[PDB]
Amino acid sequence: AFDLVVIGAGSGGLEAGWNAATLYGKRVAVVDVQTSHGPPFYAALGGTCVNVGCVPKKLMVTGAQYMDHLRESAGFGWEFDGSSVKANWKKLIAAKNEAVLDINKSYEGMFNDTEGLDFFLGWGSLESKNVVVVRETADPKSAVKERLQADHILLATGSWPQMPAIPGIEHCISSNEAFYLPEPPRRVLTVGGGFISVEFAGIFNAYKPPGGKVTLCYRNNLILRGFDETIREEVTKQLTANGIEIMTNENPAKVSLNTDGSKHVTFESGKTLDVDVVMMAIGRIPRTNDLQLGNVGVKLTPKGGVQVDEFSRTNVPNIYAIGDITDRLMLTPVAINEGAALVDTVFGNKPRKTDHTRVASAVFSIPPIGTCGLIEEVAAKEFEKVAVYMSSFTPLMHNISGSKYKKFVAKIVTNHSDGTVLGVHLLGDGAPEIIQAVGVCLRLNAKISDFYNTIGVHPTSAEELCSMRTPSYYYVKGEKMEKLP
Amino acid sequence: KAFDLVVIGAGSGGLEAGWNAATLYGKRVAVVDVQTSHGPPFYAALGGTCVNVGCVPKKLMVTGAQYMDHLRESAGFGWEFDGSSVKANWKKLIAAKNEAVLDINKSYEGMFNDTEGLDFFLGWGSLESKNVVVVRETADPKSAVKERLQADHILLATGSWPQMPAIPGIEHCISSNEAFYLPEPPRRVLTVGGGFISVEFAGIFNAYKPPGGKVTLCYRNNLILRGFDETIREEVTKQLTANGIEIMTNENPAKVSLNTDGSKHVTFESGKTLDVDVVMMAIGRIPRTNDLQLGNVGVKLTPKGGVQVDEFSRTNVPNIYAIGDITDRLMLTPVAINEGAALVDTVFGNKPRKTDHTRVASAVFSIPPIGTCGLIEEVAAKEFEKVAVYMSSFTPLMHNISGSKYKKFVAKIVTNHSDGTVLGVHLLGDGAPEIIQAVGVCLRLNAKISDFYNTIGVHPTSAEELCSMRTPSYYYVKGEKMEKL
Ligand SMILES: Cc1cc2nc3c(=O)[nH]c(=O)nc-3n(C[C@H](O)[C@H](O)[C@H](O)COP(=O)(O)OP(=O)(O)OC[C@H]3O[C@@H](n4cnc5c(N)ncnc54)[C@H](O)[C@@H]3O)c2cc1C
Ligand SMILES: Cc1cc2nc3c(=O)[nH]c(=O)nc-3n(C[C@H](O)[C@H](O)[C@H](O)COP(=O)(O)OP(=O)(O)OC[C@H]3O[C@@H](n4cnc5c(N)ncnc54)[C@H](O)[C@@H]3O)c2cc1C
Ligand SMILES: c1cc2cc(-c3ncc(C4(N5CCCC5)CCCCC4)s3)ccc2[nH]1
Ligand SMILES: c1cc2cc(-c3ncc(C4(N5CCCC5)CCCCC4)s3)ccc2[nH]1
Ligand SMILES: c1cc2cc(-c3ncc(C4(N5CCCC5)CCCCC4)s3)ccc2[nH]1
């Protein structure tokens, strides 16, 4: 039967499926490859976010921040036995595991008491345009155990870590394995400039044993591509100031094992480095190869993502795709938004589509980032006159903390014609929390004057966004100079 | 000496006015204050109450006090150290706060020194005549004249002063002013008042008290923090009690006597007794009109005691104005600052401006803190016929792991249900003050509840919860509460 079958019980899949059984009394199947977090498939019921993404990572960052809190407390008069201090990775992971497994179970409970909503363990594939094969493994020639007849098929299998084709890649891990290392690595190399590499660099930096060293490498000049440039250079500096070695214009060429089990990394430049863990975080790719999409001619974009329209529909009439598989904005709240939007269009004539512009996102680096809308060099290309407001203060408390390097950065980008805010980019503690309501402002087509005529809350870092009245420089036609001529 | 503007009180509102008039419109400005830096004998100084004995030093001290929690909470995330080696040094906190405040003092001098048309005068300002501010050596009219400043315009900006009740033994009590300079942290302390100052200091003393210590907060009425949201009022009461602070509602001191060792024997009106080492009165703050000689020129006061002003900060006497705490409206730094800016724009610029006093975001730095903007349920139910109340409250995952399960987060949105416009937002928990800032911008844009829940969330954050409340938890219709329509 089944009005809807969902392949992938993640952020997008679970929302679409719940908004259908409960909202419209439809019959829904959901397929995922595990009931609980962990090896060998890592992602499981709940999604990447719940099992090996946003949720456990936040807890681990929050754990890592305590290295700073402990150090910084001395400036405020706190003393304790310094050389009795121990960062217990194993207690942290155990505490993370129980937190995730609690959510695993709650969804398990959700399924086992909601009619029109049933869950099927195993690997979903596309047999025909109205049937989904639930096999036992990813092997297409493994035992079948269900064949779900479907009116509507939703593809929500998420994304998967990218690995470059070098010798020794088997000895490298991804973020997935990072969540389940039995020991915190003494020497670790995270590969890539993206947010995952940066966040884990901070986590490992906090929990590493004595004699330790995190190194982060990037093949190009400046990490965190696609983020505001001043923020990119500052985060680089502040990570450096907290002991992380940032190693740009380098890329691993091979990886051999040493006689102790550690990794001997050789870079393209000929430079070498011995580490205990090599974590590849060079990209996330859409997870399509186990779905047998060739069997029904489901089309892909030039980059291996499932092509869809503004209503999440493929070339195949009653097959849909949401979340990370579409290779767009890889964010849990967007995948959730797409899932809820997909349903009420199809199962309730409430035609909603998701807005992908001006979406607030964070990066829980130490220090963290918050961002919404366009960066300045992008805004310059589809607007005639762009204004950039910039304020970079060392917060109140870090004069005392001993963490003088912790500069807060606040940047607003406008179409200077009418002063509409196109972008807002924040660096420093609080940024992720500050930016959320900035999302709401941008959605209300807020102008710069709406910010600086708003009365500040003092003392806050957020305050700064209401204290910038005059541009620092402009972009006209795409050119950067200080004064408007 | 002849000037365009003479400002009495070099504080939040005063300085902003003087700086703006001098730097934006090239006017000749004199600013008067009794000290160039913080502390005894006059506490407030160049920079204002906020810089010297207010928002700035109290935040640093709250931040200091938060490390008690962080150190305890770190164990949940695998941090190990000798807990019996932990102790807080109060003199180091005070010393560090002193440096930070001093640098702002030092910075404000040098602003005067380098900006022409903007001069500082040390001493006590007063109205001799409608165009003459007299500066004397002391607050006493009999003291020697130092200057007689001719003025086209006079701005009164002397702030407020701690109200001290007229009970016997009041001499043995202190105010916030002296609390900032205590040589030792009080083992036992009574903070008298239900307002934000008392609460914040109770948290500070709670963290820094020595072994066997006890903070007690008393308040003559039933529930602390009048004017704030009732759930938050009741929660922060629980969370303070949960962290070891004894709350003493419906109680009020009647007298104080000295014990043999120098401690304080408080007797309440109810007859109950309590021994403490410090009694800090924070029962209110009253406009500082004592020493300004307002009767000489006939400046009128409100029946409440503040300087009466129209919406453009004008007194009854032409060319004499007043802003900030002396007007006895919203005793907040940014409001005074906005009032000063609006005043200088109007008088010396060619466009009238006035401070909007509604929908002003504000904070309380309890642990955890409050962030709030707009109306509370009860006030909204008098103004509007139909009122919705969206609510969300839970102990966040982080704190279930931390061990501080008492730390229940609270988000609330008050709406006029007729059109859905947000009238009030209220928050309790980590990052609340940072979150609420951009919420101030939203409300200025007359945002509706739909604009929040249709905005895409940032995950994982506390703020996210503001964009996830789609149906009212209850309603207020025609003034009456009900769980339904
Ligand atoms: C380390 C890390 C940190 C992140 N942090 C954040 C963050 O802070 N904020 C944020 O917004 N986003 C974050 N993300 C991204 C976020 O997790 C994804 O955007 C989100 O999970 C997308 O949801 P989805 O439904 O598209 O895919 P997912 O939620 O990943 O769901 C895919 C699910 O489908 C299952 N599956 C796959 N193939 C099959 C098959 N053939 N048959 C059956 N089941 C299958 C998988 O087991 C998986 O559980 C992070 C990602 C990573 C890797
Ligand atoms: C403990 C405490 C905590 C606070 N926390 C916050 C907060 O977190 N956020 C917030 O927004 N607000 C806070 N406030 C309120 C804030 O400090 C005031 O609202 C603000 O300082 C008012 O500024 P003002 O310009 O009215 O006068 P003030 O800033 O108070 O300055 C007035 C100045 O006038 C001087 N003066 C007085 N008499 C004379 C005279 N005769 N001649 C010359 N000079 C004179 C004084 O020395 C003083 O420096 C706090 C207040 C206190 C007491
Ligand atoms: C019986 C019902 C039941 C429901 C839940 C839910 N958890 C989260 C739920 C929600 N979504 C998120 C992922 C798909 C469901 C839907 C209702 C509340 C908002 C989250 S419902 C969890 C356990 C349950 N047991
Ligand atoms: C040496 C120090 C020095 C400091 C300043 C200022 N610091 C803060 C200033 C501002 N205010 C604070 C109170 C009214 C002026 C004015 C600019 C906006 C931010 C704060 S101006 C200006 C010139 C200075 N020369
Ligand atoms: C610049 C001046 C300055 C002055 C003080 C104090 N002055 C008086 C102080 C007090 N002295 C009395 C003798 C022991 C404590 C008296 C005022 C109340 C707090 C302590 S603290 C503290 C910090 C200061 N920085």
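Residues numbered from 1 in each chain as written, not as in the entry; some residues may be left out. Chains lettered and ligands numbered in written order. Heavy atoms only, no water.

As summarised from the PDB record, the model derives from X-ray crystallography at a stated resolution of 2.50 Å.

Identification of chain B as Trypanothione reductase from Trypanosoma brucei brucei is taken from the PDB entry. We quote the UniProt Sequence similarities (unreviewed entry) comment for chain B here in full: "Belongs to the class-I pyridine nucleotide-disulfide oxidoreductase family." UniProt, in its Subunit (unreviewed entry) section for chain B, records the words "Homodimer." (UniProt positions renumbered as here; feature names shortened; annotations may be inferred.)

The name given to chain A in the PDB entry is Trypanothione reductase, with the source organism recorded as Trypanosoma brucei brucei. We quote the UniProt Sequence similarities (unreviewed entry) comment for chain A here in full: "Belongs to the class-I pyridine nucleotide-disulfide oxidoreductase family."

Our focus in this paragraph is the domain arrangement of chain B. A common way to state how big an interface is: give the accessible area lost once the parts meet. All names here are of chain B. On domain assignment, one finds that chain B holds domain 1 (1-162 + 284-358), domain 2 (163-283) and domain 3 (359-470). Computed from C-alpha coordinates alone, the two centres of domain 1 and domain 2 are separated by 27 Å. On the domain 2 side, the residues contacting the 29 residues of domain 1 number 26 residues. Both faces combined, the contact of domain 1 with domain 2 buries some 2300 Å², and carbon together with sulfur accounts for 64% of it. (Domains from an automatic or database assignment. Contact = heavy atoms within 4.5 Å. Buried area = accessible area lost by both parts, 1.4 Å probe.)

As annotated by UniProt and renumbered to match this structure, "active site" (unreviewed entry) occupies A:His458. By secondary structure assignment, the location of A:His458 is in the loop between α12 (448-452) and β25 (473-476). By relative accessible area, A:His458 is classed as partly exposed at 25%. A:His458 has contacts with A:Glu463, B:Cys50, B:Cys55, B:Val56, B:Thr333 and B:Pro334, leaving out every residue within four places of it along the chain. In terms of polar contacts, A:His458 uses its side chain to reach the side chain of A:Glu463, at 2.7 Å. (Helix = DSSP H or I, 4+ residues; strand = E, 2+ residues; numbered from the N terminus. Buried < 20%, exposed > 50% of the residue type's maximum accessible area, 1.4 Å probe, protein only. Polar contact = N/O pair within 3.5 Å; in protein donor to acceptor, adjacent residues only side chain to side chain.)

Take the pattern of salt bridges next. Close approach of charged atoms lets side chains of opposite charge pair. All names here are of chain A. What the rule picks out here adds up to 34 salt bridges over all chains. The shortest N-O distance in the salt bridge between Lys406 and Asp68 comes to 2.8 Å. Pair noted here: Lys406 is in the loop between α10 (398-401) and β23 (408-415) and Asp68 is in helix α3 (residues 54-72), with a separation of 338 residues, a long-range link. By relative accessible area, which is 10% here, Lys406 ends up buried. Owing to a relative accessible area of 4%, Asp68 belongs among the buried residues under this scheme. Note that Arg71 and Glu72 form a salt bridge whose closest N and O atoms lie 3.8 Å from each other. Owing to a relative accessible area of 35%, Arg71 belongs among the partly exposed residues under this scheme. Through salt bridges with shared partners, a single ionic network connects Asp68, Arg71, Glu72 and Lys406. (Salt bridge = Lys/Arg side-chain N within 4 Å of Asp/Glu carboxyl O.)

What follows covers the packing of α3(A) against helix α3 (residues 55-73) of chain B. Helices that pack against each other are described as a pair by the angle of their axes relative to one another and the distance between those axes. For the pair α3(A) and α3(B), the least separation of the axes is 10 Å and the interaxial angle reads 135 degrees. As judged from the angle between their axes, α3(A) and α3(B) are oblique. Of the two possible hands of crossing, α3(A) and α3(B) adopt the one that is left-handed. Of α3(B), the residues touching α3(A) (which contributes A:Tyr66, A:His69, A:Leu70 and A:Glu72) are B:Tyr67, B:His70, B:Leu71 and B:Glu73. Broken down by class, the residue content of the contact of α3(A) with α3(B) amounts to four nonpolar, two polar and two charged. (Axes fitted to C-alpha atoms, helices over the stretch in contact; angles between N-to-C directions. Parallel < 35°, antiparallel > 145°, perpendicular 65-115°, else oblique. Left-handed = near helix turned anticlockwise from the far one by under 90°. Nonpolar A, V, L, I, M, F, W, Y, C, P; charged D, E, K, R; others polar.)

A word on the site of ligand 3. Residue and element names in this part refer to chain A. As a matter of local geometry, ligand 3 sits amid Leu14, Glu15, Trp18, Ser106, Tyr107, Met110 and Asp113. In isolation ligand 3 exposes 510 Å². Once the protein is present, 52% of that is buried. Going through the elements one at a time, α1 (11-21) and α4 (89-111) are the ones with two or more residues in the shell around ligand 3. In the shell around ligand 3, the residues fall into four nonpolar, one polar and two charged. (Near = heavy atom within 4 Å. Areas by Shrake-Rupley, 256 points an atom, 1.4 Å probe, with all protein chains shown as cover.)

To continue, consider the state of the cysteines. For the coordinates displayed, the defined rule picks out two disulfides over all chains. Each sulfur of the disulfide joining B:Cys50 and B:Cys55 lies 2.0 Å from the other. A single burial state applies to B:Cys50 and to B:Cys55, both of which are buried. The thiol of A:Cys217 is unpaired, and the distance to the nearest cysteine sulfur, on A:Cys172, comes to 9.9 Å. Overall, the relative accessible area of 1% leaves A:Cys217 in the buried class. A disulfide-free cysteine, B:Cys467 has its sulfur positioned 8.4 Å from the sulfur of B:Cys442, the nearest such atom. (Disulfide = S-S within 2.5 Å.)

Residue and element names in this part refer to chain A. Looking at where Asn51 falls in the secondary structure, it is placed in helix α2 (residues 48-52). Residue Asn51 is classed as buried on the basis of its relative accessible area, which comes to 0%. At 3.1 Å, the side chain of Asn51 forms a polar contact with the backbone oxygen of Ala44. Apart from the residues lying within four places of it in its own chain, the contact partners of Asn51 are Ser36, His37, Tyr42, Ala43, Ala44, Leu45, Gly46, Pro56, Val100, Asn104 and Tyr180.

So, on to the domain arrangement of chain A. All names here are of chain A. Segmenting chain A into domains produces domain 1 (1-161 + 283-357), domain 2 (162-282) and domain 3 (358-469). The distance between the C-alpha centroids of domain 2 and domain 3 comes to 29 Å. Tallying the contact residues gives 16 residues for domain 2 and 19 residues for domain 3. Counting the surface domain 2 buries against domain 3, the share from its top three residues, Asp228, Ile231 and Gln238, is 37%. Between the two partners, domain 2 and domain 3, sit one salt bridge. Taking the shortest distance from any N to any O, the salt bridge between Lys411 and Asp228 comes out at 3.1 Å. Of all the secondary-structure elements, those providing two or more residues to the side of domain 2 that touches domain 3 are α6 (195-207) and α7 (229-241).

Taken together, the 74 residues of chain B in the interface contact 75 residues of chain A. Applying the counting rule to chain B against chain A returns zero salt bridges. Counting across the chain B and chain A interface gives 24 residue pairs in polar contact. Of the residues that constitute the side of chain B that touches chain A, the class distribution is 42 nonpolar, 20 polar and 12 charged.

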